[PDB]
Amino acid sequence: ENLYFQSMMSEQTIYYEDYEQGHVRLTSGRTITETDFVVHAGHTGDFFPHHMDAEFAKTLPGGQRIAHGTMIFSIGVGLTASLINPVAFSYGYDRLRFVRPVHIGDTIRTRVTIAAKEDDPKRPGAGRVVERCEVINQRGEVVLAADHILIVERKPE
């Protein structure tokens, strides 16, 4: 283990064998603000009026501006970035789904569940772990879901 992580409270090294199927964690919450809409637009270059024009949004089903899909994804994932596992590599995501729209003033939390574990066909010293991520709003409704695929080092001899 790199000396960096010595004395780091937020570091939890979990090797492939020690991931527990069914383990669940839930993040703290974050209210999605009009600032977040404007920051996301400026960061990504997406200024579509569905996100940025309160007058146009009155004509939409639902009558209000809706958050960019990539914002709910980025923030939902970002909420999980508290504990670092230095032995896990982020390979990608499967089945990213936009389940419900998110509006200004909604508050989100992310639930992360260890879903599946398999051998890595390419690397014998690693395994694959799927973390199911569910972003939930203040009504307890899923607004986004995705399966995060991690390539996790096996524990050393």
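Start at 1 and count along the sequence shown; that's the residue number.
Asker: If you average the CA temperature factors over each stretch, which comes out higher, 57-65 or 92-100?
Answerer: Of 92-100 and 57-65, the stretch with the higher C-alpha B-factor average is 57-65.
Asker: Tell me which of 148-156 and 4-12 has the higher mean C-alpha B-factor in the deposited entry.
Answerer: In the deposited entry, the stretch with the higher C-alpha B-factor mean is 4-12.
Asker: Among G125, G29, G45, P49, single out the one with the highest C-alpha B factor in the record, please.
Answerer: That would be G125, according to the entry.
Asker: Based on what the PDB entry reports, which of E118, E131, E34, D106 has the top C-alpha B-factor?
Answerer: Among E118, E131, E34, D106, the highest C-alpha B-factor in the entry belongs to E118.
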